[PDB]
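Protein chains in written order, with the entry's author numbering: chain A, 1 to 49; chain G, 1 to 441. Beta carbons are placed, not taken as given, at the ideal position from N, Cα and C, and that holds for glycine. See structure below.
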């Protein structure tokens, strides 16, 4: 079963949801972030000293 | 007790019904079909295969000429070629220069592969219909026996006598003339054993697989042997059976509507779904109990916890009862809004049981009976997430099964208030005639 939603961009705050498959019991769901890294692509031009 | 009703012509879907006998508790009757065969009556006209023209050895007259007689043979041809002067191994064959005669006689017969691959030409005449029914009632288990689908034959299965009624439509997938090649059948016309166009389908027609008679036109034509060698060269159009095997349409088991599987050895047409089948089953009274045997129930309240639109059993309802004593009585829904998965139930002293149903309505309004006591159920349903499934529909789809309560109220003011608005306009005319009549006196 597939469950789609929107979570906010906070690290320590868990996102809780209850998936509802028809004919079946609901299942608790918990998604939590640990890291969020933005990695830009860099190219070296020169060094200085 | 006889029970006469009608049934949709379906294979997988069972027919659930309750028999209402006065003075007796109602029993559960279930009818399920297994096969449904339409068997026409056929007679074989001829078979067809690739030909093989054998050439007998020719006579080489050295000094003279000969003639030939019309020998009885299919597509027999003859000619006489003069002045041949043939050369064999070790010098010439004859002596008379430019005065000779070669025979070159040819004759058409059927191939040795005709006993393996051939097309059989049949003419279809309307025949009989038979099927297979599964029987259970009360506490008697499932058992099956073959019946005949007509209006006359009584079939005794178990202890009950069942008469399967005739089909509501005489539709058959077969044409007047069918041709059977190997595993599959076709709807193709024949040259009817008198004709054959030498290259299409009937250039070799034999009345049975080992007939001495054989009709065959193949445009055989004998040509002149050349440059002093001994051979018989001929010329004919290629095989029409071989040409039929390439330029060939789809078979009838890939084309026939209503899901008609087509089998071979009695040439049936299995599991078609068309029309309706009436029944008449005489249930014995030995499976009937009195009113005092069954426990009456009371204080019924039914609540649908969850419903789904799909044609799996996706509706669950819980109903609480208050029975006089423990027992087992069947449940049934007489309306067509819902079908019920289980038949009987385990009763107790004021318990509650759950049953699974499958509707096709947004808001179901069906009712069901337990121990000849009715109770009304209602609720709301949600659409299913799936788009395509691998099993057919358990329910049936009606005209008003798709209308929600919001759209039902929206059409209740577009034909309710508007038609009542002309009532206001009509009575204004009816009172302006009265108020003008009173002005006179």
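With a 10 Å radius around the Cβ and a threshold of 16 neighbouring Cβ atoms, residue 418(G) comes out exposed.
In the pairwise beta carbon analysis, the region 117 to 127 of chain G is classified as touching the region 40 to 47 of chain G: at least three pairs are separated by under 8 Å. Residue environment: residue 67(G) is assigned as exposed (fewer than 16 neighbouring CB atoms within 10 Å of its CB, all protein chains considered). Residue contact check for residue 138(G) against chain A: no CB pair falls below 7 Å. At a cut-off of 7 Å between beta-carbon atoms, residue 308(G) makes contact with chain A. Three or more beta-carbon pairs drawn from the region 388 to 407 of chain G and the region 325 to 340 of chain G are found closer than 8 Å, and the two stretches are therefore classed as touching. Your pair residue 110(G) and residue 214(G) checks out as a contact, with CB atoms roughly 6 Å apart and the cut at 8 Å.
In this structure, residue 138(G) lies away from residue 19(G), with their beta-carbon atoms at least 7 Å apart.
Residue 346(G) and residue 293(G) have their alpha carbons spaced roughly 16 Å apart. At a cut-off of 7 Å between beta carbons, residue 26(A) makes no contact with chain G. Apart from the 5 residues on each side of it in sequence, residue 233(G) sits with its Cβ closer than 6 Å to the Cβ of 223 in its chain, given in chain order.
For residue 196(G) and residue 240(G), the gap between their C-alpha atoms comes out near 9 Å. Residue 408(G): member of the alpha helix (DSSP H) spanning 405 to 410, first to last residue. Cβ proximity to chain A below 8 Å picks out 382, 384 and 385 from the region 379 to 400 of chain G. Here residue 44(G) is bridged, per DSSP, to 122(G). Counting only runs of at least 4 residues, the region 221 to 258 of chain G fully encloses the following alpha helix (DSSP H) elements, listed from N- to C-terminal order: 240 to 246. Taken through DSSP and simplified to helix, strand or coil, residue 113(G) comes out as helix. Shown here for residue 168(G): same chain residues with a beta carbon closer than 7 Å to its own, the five before and five after excluded, namely 275 and 276 in chain order.
The C-beta of residue 315(G) comes no closer than 7 Å to any C-beta of chain A.
Rounded to the nearest whole angstrom, the C-alpha separation of residue 402(G) and residue 282(G) is 38 Å.
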